[PDB]
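K.L.:
Pasting a structure here, questions to come.
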Amino acid sequence: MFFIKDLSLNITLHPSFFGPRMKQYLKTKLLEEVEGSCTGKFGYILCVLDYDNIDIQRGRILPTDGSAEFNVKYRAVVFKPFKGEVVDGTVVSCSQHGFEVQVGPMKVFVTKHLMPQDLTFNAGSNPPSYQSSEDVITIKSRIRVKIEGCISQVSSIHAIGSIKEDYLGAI
Amino acid sequence: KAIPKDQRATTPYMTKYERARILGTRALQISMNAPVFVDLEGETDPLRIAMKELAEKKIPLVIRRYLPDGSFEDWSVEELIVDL
Amino acid sequence: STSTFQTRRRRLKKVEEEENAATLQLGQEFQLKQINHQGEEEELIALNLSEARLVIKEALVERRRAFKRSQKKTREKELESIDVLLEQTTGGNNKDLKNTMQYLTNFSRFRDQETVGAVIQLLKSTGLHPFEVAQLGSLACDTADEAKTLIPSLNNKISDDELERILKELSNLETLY
Amino acid sequence: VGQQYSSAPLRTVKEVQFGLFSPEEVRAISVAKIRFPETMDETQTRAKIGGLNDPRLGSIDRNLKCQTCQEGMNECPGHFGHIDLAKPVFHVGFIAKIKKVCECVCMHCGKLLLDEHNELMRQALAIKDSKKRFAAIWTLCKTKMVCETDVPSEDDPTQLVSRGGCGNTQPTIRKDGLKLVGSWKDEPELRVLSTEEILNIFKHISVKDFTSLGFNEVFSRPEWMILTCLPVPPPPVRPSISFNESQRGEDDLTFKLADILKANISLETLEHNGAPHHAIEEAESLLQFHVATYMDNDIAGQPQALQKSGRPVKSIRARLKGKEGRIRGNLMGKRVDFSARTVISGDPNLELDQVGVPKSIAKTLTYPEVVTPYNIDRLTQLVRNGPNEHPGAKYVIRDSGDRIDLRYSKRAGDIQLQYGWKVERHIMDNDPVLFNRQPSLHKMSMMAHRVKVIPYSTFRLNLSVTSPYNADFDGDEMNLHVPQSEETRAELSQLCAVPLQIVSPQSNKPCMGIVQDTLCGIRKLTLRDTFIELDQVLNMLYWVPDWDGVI
Amino acid sequence: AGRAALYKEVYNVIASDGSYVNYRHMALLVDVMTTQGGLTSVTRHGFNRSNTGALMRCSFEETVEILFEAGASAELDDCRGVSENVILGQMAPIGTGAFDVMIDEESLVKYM
Amino acid sequence: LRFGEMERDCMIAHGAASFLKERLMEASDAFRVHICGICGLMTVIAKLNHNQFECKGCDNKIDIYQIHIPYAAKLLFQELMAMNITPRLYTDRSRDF
Amino acid sequence: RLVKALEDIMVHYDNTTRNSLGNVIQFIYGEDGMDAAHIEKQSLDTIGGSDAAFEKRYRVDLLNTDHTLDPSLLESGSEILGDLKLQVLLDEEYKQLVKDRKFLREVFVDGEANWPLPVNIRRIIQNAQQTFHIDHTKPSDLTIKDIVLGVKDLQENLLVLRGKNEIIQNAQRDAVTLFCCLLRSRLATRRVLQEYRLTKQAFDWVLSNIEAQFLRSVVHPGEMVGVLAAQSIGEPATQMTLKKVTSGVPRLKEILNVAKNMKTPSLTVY
RNA sequence: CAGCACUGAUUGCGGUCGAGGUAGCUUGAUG
Ligand SMILES: [Mg+2]
Ligand SMILES: [Zn+2]
Ligand SMILES: [Zn+2]
Ligand SMILES: [Zn+2]
């Protein structure tokens, strides 16, 4: 799943920062505007690999003010989920509707009806949980889900995941 | 397409339009508080300083000359001759 | 934004965007056949957990190093060592990355850039598409029916037996906690 | 420019793809149904009916709302609306092609009247250049008036080959007003080609035929020269105009639409009631009429489609037409800020590159200098000076994007400039400027001078530079434009300055010399016969500012 | 021989007035009218029909009409026309803009 | 005052590229619209506050740009539309040459 | 119209005159690559005059007591009289100036020698003259190789087109030709010594400026030559304030319109 | 750009030059 994609950004520099160590300021800029971002086109851009050889190429000066625009060609590590994907994580929350699991930077939620029959939700339990003849899903317990669908949104991505299928559940 | 430093074919001199625009652009930056690479012998008018920078060929810029077909040749202020 | 090395002349009619699934049909942005900046083709890059834990770290550390070249002028263990390395080379607002280290550090199935190596040399010879070659190496697996089920894109592709061999050896080279 | 940050990227325009609107798109774009012809008055009450101008489109009354897009008047461009017609209608200007089309393809089955099979044809389909590859097709299809079913191939003129078929005679066609007619040849048989019909025959045209004929599969399909849905330009294109309040102000356009609207509904209310078959095409022609005149109005078929008061009306085409109109009038040439004009007079005391600006003008025109350590000092003195003493300024602007009006502000005397703020100051001795005299037909008709602030109300220029702008002082008026960007200036001072203009390329000779007094006199003084004595040879020397101080 | 003629015939109009103009200009006009095939007029009939962009031929004697048949057969504009840009409010590939300018961060360090 | 065609004609002659852009824009119309990277139109519903964008119909939200053009022109376009003509505004060339 | 019809034309970085399509209109603006501003009227001496006068001016024969350079000219002259290896260069010089003559007479049939050309040579010397205080008495110090050999190396540096190949480096010659004729015309050995006593120092000097001032007379990739052209025809069309045939303002219109029915048809026959 | 302000002068009426026509006429250029 996780990825390593080759990307490229464009930053506009205002004359002021036209110093001896500009190369240095660009990079940092590149970082604050990419590390932590989100899109449906790329997923989560988590970290910029190889920091040393980041390409800045020659920068061209706009034409009304003195700013310059550089096309910074970098490389990084990304993560974008998929319907039909199978990943496992840690539960985090739980309620009369299901429990939310966490697969890395992302979170997959599971609907009460999108899990097994014989598994009921217990109200007065504390912390909240679901019980089975043999299973006990709750806070820490590590599960393993199947992402039935992915939904993009602002600065993140979410998904509904079932565990009704086989070989799924907790481990 | 891009052209290699060698095989270059344009005029080795600076077009009156280039220089006019370099002084301009340069000044603008200088007037925007950009850093100056020359000893200001006391000047205060940006275009003045600009002309000074251009006289000590210490302006960090590059003229990309586009050809009819789309390719282009790159020349630095440093390289070009400033006759005029 | 960020632009992804492929320019398709979007002539208005932007209607034909296919679905997504483990049918190996991933966005137009992840064809196995994808281009590298140099201008050449280069197979997709599938990172399996733990295999990423290192890349992130390796280049994250080298960042620390060089971040200073310019300043002169065990489960519950790596969990803290990693927390610091971040609070020194992270944007501090990258809650996404932190949380991505725990996960990446608790669920990792390996720990040596040697073992990981084997995994790779081993796995790669299958001809499997990078996505499989990752999931296969990041998901506990004992029975083919277990893998070829949690990874339906395999089915016809391999042979129940040999896969069982591979799986059988993974758990062997599976480093101990 | 426009103000307010936009988290959007910014690029320039490089390609402009021209095309026609697809009734499907028009519908897609809109945000307003637009079903009522009325303006607003929810029964006299003031606002707007979810009917015409603002059924969600733009806005009036200086109020946010632009489909929550708020921002208000200055920022919210228009938001198109549509208006489902009742029955297809031609497009005033395209009629001509639609005629040229049907003549190029027989109806009933819609397909070319000629193929590779006809030699005189091949040579036509080759011509790569739609524009000509059409007046080639059409020129060889208005003549064929039969939809042949079999043509002799390249073989024997004895052997016959087949393609498609249905020889229903090709009816020659003529333009009678806003409709099309054709006979079908003992004795003729005349009938009227219906819009609805025409559309269909086009709707079936082949994709390979499109192209053969001058079109494009995605940007312009012939089945679009016929209108179905009508896009409604939002207010900003047909702004209101209010005489305070309790009064109208509606733009010519807003009405024409309203006319098309009225003239639409009645042609529908008749298709669901007493529909006297041929007493409808007497009310449909009205729509094709309004919709036609809305766009073009000076049609050849006399009736101008007048409007109460007998004032012709302003078709859209009228707004873009020759000079004093959009294209040539607003885009190719504009009115502009930072300009001035008055009378010129001579002055044998300014250098060549100078120009006398009267304090009055000098106190109005302005330049934006950016506070920098190189001048904080200098600049602050101006801001204090205020906008009444000459060397002064009249507007300080902080990065925050807000204007300080030096002539009012309770902090006028106060203020402490900030490295980065701009200070619009008065033009001062030596601010280069573009000075000109119309008509402009010379490079030199416009040149750059060094400002020199003088008194009295006239632009002062040096004799010699007179023949270039070509001007006398018998009350001739001149123009001046003030630069604005450090880089702009440079452009004037580096290529537009006068000292540069001395030698002229339109005749490889200098285009400036000594004239009148200065000339006539230079001669007298020359003569051998002529001698000057000490008590004056000393004053003369003094006058030359570059004198080495050596008698 | 036509170009020769044409020029000869134009020069004589200016020469009859003691007016003088350096070859090159007239020669350019002569050439412009003569390239394509033979005699192409400096009028709404000729020069303003060629493959030049749309928005250009658009600012001269046939405005609306030209734009109509422009979208009709979906033209495309390069935006190389001086006019084109002016209409757009962008700097034109004109002298000062017949090239680009760039900051070579490299050399931007040797200067210190 | 007026910067007529003839005057334009002149600055083009001098090759005073930038100053011409200055007359025409910064000192007159000068305005900014939001475009779509697909249906090259002025459809975008730029809420410029909470950022939201969109050209439903071309249905976007991601590939949106913004140019700077003379309001006059904005109008020329809008008018050309109400007459059913599509003036597409694209920021990258494809035809090359 | 003259305007709108030529807007988009401008000189490009390859020294080609093109419009907005990319269409060549000229391959070298003006057919010479020179900027209208740097061009004065210069006379081409090599053209007019009796075949006799020509000989007496550019002919030098080191094998004839009456057609050599009196030792009062070239310092090292008495020791050249008769030299045979020289007379071969000295013969090339003449066999060229003559080739020139015939050429020019095939371009300017009128025999008109005054024309617009860059780099005013006449003055370039005049300065060299009083800039080195030359005395028409004492001899020179220019080798006969020196003269004839520098003049050759000079032409090799008057560059318009740069190109690294034949097609271009060929066009180069063309674009310079006429000038060089004027060049050899004035830097003729006889001339360079009997008419304007130049020293080695001086001569060397003249050559450098001719080279420099030339390079400065080229055109700048960037000029909007089209509009320039238009106006240049147009402005002089209003100063028109008015042996019997159609001529003037209405005739010009006749032209541009390319009308078939001109008021005056006429035609001349020889 | 003769002149008016009758219907909205951030523009109608109309005028002059030029072409086109069977004309009981279109406009291209034109404040
Ligand atoms: Mg007068
Ligand atoms: Zn709005
Ligand atoms: Zn048929
Ligand atoms: Zn869109």
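Here's how to read the names in the structure tokens: chain A, B, ... by the order shown, residue numbers from 1 in each chain, ligand numbers from 1 in the order shown.
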Within 12 Å of ligand 1, counting only C-alpha atoms (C1' of nucleotides) and all ligand atoms: which residues, as a PDB file with N, CA, C and O atoms, in the first residue's frame?
P.N.:
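And here's part-v5.pdb as it stands now:
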```pdb
ATOM      1  N   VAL D 343      -1.837  73.348 -22.295  1.00  0.00           N
ATOM      2  CA  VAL D 343      -1.152  73.907 -23.447  1.00  0.00           C
ATOM      3  C   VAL D 343       0.361  73.999 -23.328  1.00  0.00           C
ATOM      4  O   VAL D 343       0.920  74.172 -22.234  1.00  0.00           O
ATOM      5  N   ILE D 344       1.018  73.893 -24.480  1.00  0.00           N
ATOM      6  CA  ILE D 344       2.468  73.979 -24.537  1.00  0.00           C
ATOM      7  C   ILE D 344       2.919  75.370 -24.964  1.00  0.00           C
ATOM      8  O   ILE D 344       2.162  76.142 -25.571  1.00  0.00           O
ATOM      9  N   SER D 345       4.166  75.672 -24.631  1.00  0.00           N
ATOM     10  CA  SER D 345       4.789  76.936 -24.971  1.00  0.00           C
ATOM     11  C   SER D 345       6.291  76.692 -24.966  1.00  0.00           C
ATOM     12  O   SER D 345       6.778  75.761 -24.309  1.00  0.00           O
ATOM     13  N   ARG D 437       2.022  64.148 -28.129  1.00  0.00           N
ATOM     14  CA  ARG D 437       1.116  65.016 -28.876  1.00  0.00           C
ATOM     15  C   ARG D 437       0.453  64.220 -29.981  1.00  0.00           C
ATOM     16  O   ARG D 437       1.137  63.627 -30.810  1.00  0.00           O
ATOM     17  N   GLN D 438      -0.876  64.223 -29.997  1.00  0.00           N
ATOM     18  CA  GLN D 438      -1.635  63.501 -31.012  1.00  0.00           C
ATOM     19  C   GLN D 438      -1.905  64.445 -32.178  1.00  0.00           C
ATOM     20  O   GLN D 438      -1.988  65.643 -32.005  1.00  0.00           O
ATOM     21  N   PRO D 439      -2.036  63.891 -33.386  1.00  0.00           N
ATOM     22  CA  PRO D 439      -1.974  62.457 -33.697  1.00  0.00           C
ATOM     23  C   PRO D 439      -0.577  61.807 -33.595  1.00  0.00           C
ATOM     24  O   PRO D 439       0.456  62.407 -33.938  1.00  0.00           O
ATOM     25  N   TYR D 469       7.352  65.910 -32.208  1.00  0.00           N
ATOM     26  CA  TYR D 469       5.935  65.749 -31.867  1.00  0.00           C
ATOM     27  C   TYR D 469       5.157  66.494 -32.929  1.00  0.00           C
ATOM     28  O   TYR D 469       3.960  66.258 -33.160  1.00  0.00           O
ATOM     29  N   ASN D 470       5.883  67.398 -33.575  1.00  0.00           N
ATOM     30  CA  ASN D 470       5.333  68.245 -34.610  1.00  0.00           C
ATOM     31  C   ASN D 470       4.335  69.118 -33.894  1.00  0.00           C
ATOM     32  O   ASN D 470       3.176  68.728 -33.743  1.00  0.00           O
ATOM     33  N   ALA D 471       4.788  70.284 -33.432  1.00  0.00           N
ATOM     34  CA  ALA D 471       3.906  71.189 -32.715  1.00  0.00           C
ATOM     35  C   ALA D 471       4.359  72.625 -32.715  1.00  0.00           C
ATOM     36  O   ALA D 471       5.549  72.922 -32.752  1.00  0.00           O
ATOM     37  N   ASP D 472       3.368  73.507 -32.671  1.00  0.00           N
ATOM     38  CA  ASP D 472       3.568  74.951 -32.625  1.00  0.00           C
ATOM     39  C   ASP D 472       2.957  75.373 -31.293  1.00  0.00           C
ATOM     40  O   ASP D 472       2.412  74.531 -30.572  1.00  0.00           O
ATOM     41  N   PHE D 473       3.028  76.658 -30.960  1.00  0.00           N
ATOM     42  CA  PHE D 473       2.454  77.120 -29.702  1.00  0.00           C
ATOM     43  C   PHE D 473       1.176  77.960 -29.850  1.00  0.00           C
ATOM     44  O   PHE D 473       0.737  78.622 -28.909  1.00  0.00           O
ATOM     45  N   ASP D 474       0.573  77.909 -31.032  1.00  0.00           N
ATOM     46  CA  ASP D 474      -0.641  78.651 -31.309  1.00  0.00           C
ATOM     47  C   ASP D 474      -1.817  78.088 -30.533  1.00  0.00           C
ATOM     48  O   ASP D 474      -2.949  78.085 -31.021  1.00  0.00           O
ATOM     49  N   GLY D 475      -1.544  77.609 -29.323  1.00  0.00           N
ATOM     50  CA  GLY D 475      -2.592  77.043 -28.485  1.00  0.00           C
ATOM     51  C   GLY D 475      -2.758  75.541 -28.623  1.00  0.00           C
ATOM     52  O   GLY D 475      -3.851  74.999 -28.444  1.00  0.00           O
ATOM     53  N   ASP D 476      -1.662  74.866 -28.941  1.00  0.00           N
ATOM     54  CA  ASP D 476      -1.691  73.429 -29.117  1.00  0.00           C
ATOM     55  C   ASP D 476      -1.661  72.768 -27.754  1.00  0.00           C
ATOM     56  O   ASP D 476      -0.948  73.237 -26.851  1.00  0.00           O
ATOM     57  N   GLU D 477      -2.434  71.684 -27.618  1.00  0.00           N
ATOM     58  CA  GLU D 477      -2.525  70.906 -26.371  1.00  0.00           C
ATOM     59  C   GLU D 477      -1.692  69.608 -26.423  1.00  0.00           C
ATOM     60  O   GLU D 477      -1.579  68.968 -27.477  1.00  0.00           O
ATOM     61  N   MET D 478      -1.114  69.232 -25.280  1.00  0.00           N
ATOM     62  CA  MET D 478      -0.297  68.019 -25.182  1.00  0.00           C
ATOM     63  C   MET D 478      -0.571  67.068 -24.013  1.00  0.00           C
ATOM     64  O   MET D 478      -1.110  67.453 -22.971  1.00  0.00           O
TER      65      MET D 478
END
```
K.L.:
Give me, as JSON lines, each residue of region 10-88 of chain F that comes within 10 Å of region 85-107 of chain E, together with its shortest interatomic pair and the distance in Å at one decimal, counting only C-alpha atoms, with rows ordered by chain and rising residue number.
P.N.:
```
{"residue": "F:11", "atom": "CA", "partner": "E:94", "partner_atom": "CA", "distance": 9.8}
{"residue": "F:12", "atom": "CA", "partner": "E:94", "partner_atom": "CA", "distance": 6.9}
{"residue": "F:13", "atom": "CA", "partner": "E:94", "partner_atom": "CA", "distance": 8.7}
{"residue": "F:14", "atom": "CA", "partner": "E:95", "partner_atom": "CA", "distance": 8.1}
{"residue": "F:15", "atom": "CA", "partner": "E:95", "partner_atom": "CA", "distance": 4.6}
{"residue": "F:16", "atom": "CA", "partner": "E:96", "partner_atom": "CA", "distance": 6.2}
{"residue": "F:17", "atom": "CA", "partner": "E:96", "partner_atom": "CA", "distance": 5.1}
{"residue": "F:18", "atom": "CA", "partner": "E:91", "partner_atom": "CA", "distance": 6.0}
{"residue": "F:19", "atom": "CA", "partner": "E:91", "partner_atom": "CA", "distance": 8.9}
{"residue": "F:20", "atom": "CA", "partner": "E:91", "partner_atom": "CA", "distance": 7.6}
{"residue": "F:21", "atom": "CA", "partner": "E:91", "partner_atom": "CA", "distance": 5.5}
{"residue": "F:22", "atom": "CA", "partner": "E:89", "partner_atom": "CA", "distance": 8.7}
{"residue": "F:23", "atom": "CA", "partner": "E:89", "partner_atom": "CA", "distance": 9.5}
{"residue": "F:24", "atom": "CA", "partner": "E:89", "partner_atom": "CA", "distance": 6.3}
{"residue": "F:25", "atom": "CA", "partner": "E:89", "partner_atom": "CA", "distance": 5.8}
{"residue": "F:26", "atom": "CA", "partner": "E:89", "partner_atom": "CA", "distance": 9.2}
{"residue": "F:29", "atom": "CA", "partner": "E:89", "partner_atom": "CA", "distance": 8.9}
{"residue": "F:30", "atom": "CA", "partner": "E:89", "partner_atom": "CA", "distance": 7.6}
{"residue": "F:31", "atom": "CA", "partner": "E:89", "partner_atom": "CA", "distance": 9.5}
{"residue": "F:67", "atom": "CA", "partner": "E:88", "partner_atom": "CA", "distance": 9.9}
{"residue": "F:68", "atom": "CA", "partner": "E:89", "partner_atom": "CA", "distance": 7.5}
{"residue": "F:69", "atom": "CA", "partner": "E:89", "partner_atom": "CA", "distance": 5.3}
{"residue": "F:70", "atom": "CA", "partner": "E:89", "partner_atom": "CA", "distance": 5.6}
{"residue": "F:71", "atom": "CA", "partner": "E:89", "partner_atom": "CA", "distance": 9.4}
{"residue": "F:72", "atom": "CA", "partner": "E:87", "partner_atom": "CA", "distance": 8.6}
{"residue": "F:73", "atom": "CA", "partner": "E:87", "partner_atom": "CA", "distance": 6.6}
{"residue": "F:74", "atom": "CA", "partner": "E:88", "partner_atom": "CA", "distance": 9.0}
{"residue": "F:76", "atom": "CA", "partner": "E:87", "partner_atom": "CA", "distance": 9.6}
```
K.L.:
Could you save those same residues with N, CA and C atoms as an mmCIF file, in the first residue's frame?
P.N.:
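Final file, selection-v5.cif:
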```cif
data_model
loop_
_atom_site.group_PDB
_atom_site.id
_atom_site.type_symbol
_atom_site.label_atom_id
_atom_site.label_comp_id
_atom_site.auth_asym_id
_atom_site.auth_seq_id
_atom_site.Cartn_x
_atom_site.Cartn_y
_atom_site.Cartn_z
ATOM 1 N N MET F 11 3.941 52.613 -28.483
ATOM 2 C CA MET F 11 4.736 51.936 -27.488
ATOM 3 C C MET F 11 5.170 50.569 -28.009
ATOM 4 N N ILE F 12 4.381 49.957 -28.889
ATOM 5 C CA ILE F 12 4.784 48.650 -29.415
ATOM 6 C C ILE F 12 6.033 48.845 -30.230
ATOM 7 N N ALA F 13 6.100 50.000 -30.891
ATOM 8 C CA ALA F 13 7.228 50.382 -31.746
ATOM 9 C C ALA F 13 8.513 50.517 -30.946
ATOM 10 N N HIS F 14 8.427 51.276 -29.861
ATOM 11 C CA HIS F 14 9.559 51.492 -28.977
ATOM 12 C C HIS F 14 10.018 50.190 -28.373
ATOM 13 N N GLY F 15 9.090 49.245 -28.294
ATOM 14 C CA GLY F 15 9.401 47.959 -27.720
ATOM 15 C C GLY F 15 9.364 48.111 -26.227
ATOM 16 N N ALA F 16 8.489 49.005 -25.771
ATOM 17 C CA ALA F 16 8.311 49.297 -24.349
ATOM 18 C C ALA F 16 7.304 48.346 -23.734
ATOM 19 N N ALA F 17 7.581 47.085 -23.973
ATOM 20 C CA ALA F 17 6.792 46.006 -23.485
ATOM 21 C C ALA F 17 6.054 46.259 -22.171
ATOM 22 N N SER F 18 6.785 46.274 -21.053
ATOM 23 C CA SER F 18 6.191 46.433 -19.711
ATOM 24 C C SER F 18 5.306 47.664 -19.423
ATOM 25 N N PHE F 19 5.759 48.846 -19.835
ATOM 26 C CA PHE F 19 5.011 50.086 -19.635
ATOM 27 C C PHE F 19 3.672 50.028 -20.358
ATOM 28 N N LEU F 20 3.617 49.296 -21.460
ATOM 29 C CA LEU F 20 2.362 49.168 -22.173
ATOM 30 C C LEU F 20 1.427 48.344 -21.280
ATOM 31 N N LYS F 21 1.952 47.291 -20.673
ATOM 32 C CA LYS F 21 1.124 46.473 -19.812
ATOM 33 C C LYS F 21 0.654 47.305 -18.642
ATOM 34 N N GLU F 22 1.473 48.271 -18.257
ATOM 35 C CA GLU F 22 1.153 49.142 -17.137
ATOM 36 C C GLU F 22 -0.012 50.097 -17.467
ATOM 37 N N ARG F 23 0.025 50.728 -18.640
ATOM 38 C CA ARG F 23 -1.059 51.624 -19.056
ATOM 39 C C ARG F 23 -2.334 50.820 -19.065
ATOM 40 N N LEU F 24 -2.354 49.832 -19.939
ATOM 41 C CA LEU F 24 -3.488 48.966 -20.107
ATOM 42 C C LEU F 24 -4.053 48.278 -18.895
ATOM 43 N N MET F 25 -3.208 47.862 -17.965
ATOM 44 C CA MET F 25 -3.733 47.178 -16.796
ATOM 45 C C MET F 25 -3.745 47.970 -15.513
ATOM 46 N N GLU F 26 -2.628 47.947 -14.802
ATOM 47 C CA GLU F 26 -2.517 48.636 -13.523
ATOM 48 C C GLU F 26 -3.080 50.044 -13.476
ATOM 49 N N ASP F 29 -8.402 49.023 -16.380
ATOM 50 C CA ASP F 29 -9.300 47.906 -16.064
ATOM 51 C C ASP F 29 -8.752 47.077 -14.939
ATOM 52 N N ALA F 30 -7.765 46.250 -15.258
ATOM 53 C CA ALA F 30 -7.117 45.420 -14.260
ATOM 54 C C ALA F 30 -8.114 44.768 -13.326
ATOM 55 N N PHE F 31 -8.276 43.464 -13.457
ATOM 56 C CA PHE F 31 -9.227 42.746 -12.631
ATOM 57 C C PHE F 31 -8.822 41.273 -12.591
ATOM 58 N N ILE F 67 -6.486 34.205 -13.135
ATOM 59 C CA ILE F 67 -5.687 35.071 -13.977
ATOM 60 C C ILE F 67 -5.959 36.519 -13.655
ATOM 61 N N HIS F 68 -5.226 37.409 -14.312
ATOM 62 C CA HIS F 68 -5.423 38.837 -14.133
ATOM 63 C C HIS F 68 -5.707 39.364 -15.525
ATOM 64 N N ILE F 69 -6.896 39.910 -15.760
ATOM 65 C CA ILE F 69 -7.193 40.472 -17.087
ATOM 66 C C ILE F 69 -7.995 41.777 -17.051
ATOM 67 N N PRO F 70 -7.964 42.556 -18.147
ATOM 68 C CA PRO F 70 -8.712 43.816 -18.185
ATOM 69 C C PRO F 70 -10.220 43.603 -18.148
ATOM 70 N N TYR F 71 -10.851 44.097 -17.092
ATOM 71 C CA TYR F 71 -12.291 43.952 -16.915
ATOM 72 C C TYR F 71 -13.064 44.065 -18.221
ATOM 73 N N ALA F 72 -12.624 44.979 -19.066
ATOM 74 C CA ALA F 72 -13.242 45.181 -20.358
ATOM 75 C C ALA F 72 -13.329 43.816 -20.972
ATOM 76 N N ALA F 73 -12.177 43.178 -21.094
ATOM 77 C CA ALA F 73 -12.103 41.841 -21.654
ATOM 78 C C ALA F 73 -13.047 40.858 -20.949
ATOM 79 N N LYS F 74 -13.073 40.863 -19.610
ATOM 80 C CA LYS F 74 -13.969 39.976 -18.868
ATOM 81 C C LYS F 74 -15.346 40.092 -19.512
ATOM 82 N N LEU F 76 -16.104 41.422 -22.601
ATOM 83 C CA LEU F 76 -16.098 40.948 -23.982
ATOM 84 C C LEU F 76 -16.462 39.472 -24.022
#
```
K.L.:
Excluding region 41-50 of chain B and any residue of its chain fewer than 6 positions from it, enumerate the residues within 7 Å of it, using only C-alpha atoms (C1' of nucleotides), and give them as a list in words.
P.N.:
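The residues that qualify are residues 23, 26, 27, 30 and 31 of chain B; 374 of chain D.
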K.L.:
What are the nearest atom pairs, with distances in Å to one decimal, for all residues of chain C that come at most 12 Å from ligand 4, using only C-alpha atoms and all ligand atoms, set out by chain and rising residue number as CSV?
P.N.:
```
residue,atom,partner,partner_atom_place_in_ligand_line,distance
C:10,CA,ligand 4,1 (Zn),11.7
C:11,CA,ligand 4,1 (Zn),11.9
C:12,CA,ligand 4,1 (Zn),8.7
C:13,CA,ligand 4,1 (Zn),10.8
C:14,CA,ligand 4,1 (Zn),10.2
```
K.L.:
Please identify the residues whose atoms come within 8 Å of ligand 2, using only C-alpha atoms (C1' of nucleotides) and all ligand atoms, and report them as JSON, numbers by chain.
P.N.:
{"D": [57, 58, 59, 65, 66, 67, 68, 69, 70, 71, 72, 75, 76, 77, 78, 79], "F": [45, 46, 47]}
K.L.:
I want to know what sits within 12 Å of residue 140 (chain G), based on only C-alpha atoms (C1' of nucleotides), with residues of the same chain fewer than 4 positions away left out; could you give that as an mmCIF file with C-alpha atoms, in the first residue's frame?
P.N.:
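Below is the file out.cif, written as the result:
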```cif
data_model
loop_
_atom_site.group_PDB
_atom_site.id
_atom_site.type_symbol
_atom_site.label_atom_id
_atom_site.label_comp_id
_atom_site.auth_asym_id
_atom_site.auth_seq_id
_atom_site.Cartn_x
_atom_site.Cartn_y
_atom_site.Cartn_z
ATOM 1 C CA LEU G 69 56.064 53.147 -54.046
ATOM 2 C CA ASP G 70 58.752 55.851 -53.962
ATOM 3 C CA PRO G 71 60.856 55.074 -50.859
ATOM 4 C CA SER G 72 59.572 58.377 -49.445
ATOM 5 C CA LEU G 73 56.418 56.405 -48.568
ATOM 6 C CA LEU G 74 56.971 52.950 -47.130
ATOM 7 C CA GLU G 75 60.042 53.131 -44.904
ATOM 8 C CA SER G 76 61.238 49.738 -46.106
ATOM 9 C CA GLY G 77 60.436 50.610 -49.720
ATOM 10 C CA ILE G 134 50.589 62.494 -38.585
ATOM 11 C CA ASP G 135 53.158 64.367 -40.683
ATOM 12 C CA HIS G 136 52.871 63.940 -44.470
ATOM 13 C CA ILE G 144 53.120 45.553 -47.533
ATOM 14 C CA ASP G 146 50.773 44.232 -42.893
ATOM 15 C CA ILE G 147 48.332 46.281 -44.912
ATOM 16 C CA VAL G 192 46.578 53.756 -47.436
ATOM 17 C CA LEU G 193 50.031 55.218 -48.094
ATOM 18 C CA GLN G 194 50.099 58.005 -50.664
ATOM 19 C CA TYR G 196 46.675 59.240 -46.036
ATOM 20 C CA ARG G 197 50.116 58.548 -44.618
ATOM 21 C CA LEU G 198 49.189 56.049 -41.935
ATOM 22 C CA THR G 199 51.596 54.563 -39.430
ATOM 23 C CA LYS G 200 51.365 50.976 -38.202
ATOM 24 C CA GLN G 201 49.941 52.274 -34.933
ATOM 25 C CA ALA G 202 47.300 54.393 -36.698
ATOM 26 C CA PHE G 203 46.300 51.793 -39.260
#
```
K.L.:
I need the chain G residues near chain D as a ChimeraX atom specification; criterion: at most 8 Å, counting only C-alpha atoms.
P.N.:
/G:35-40,228-229,231-232,234-235
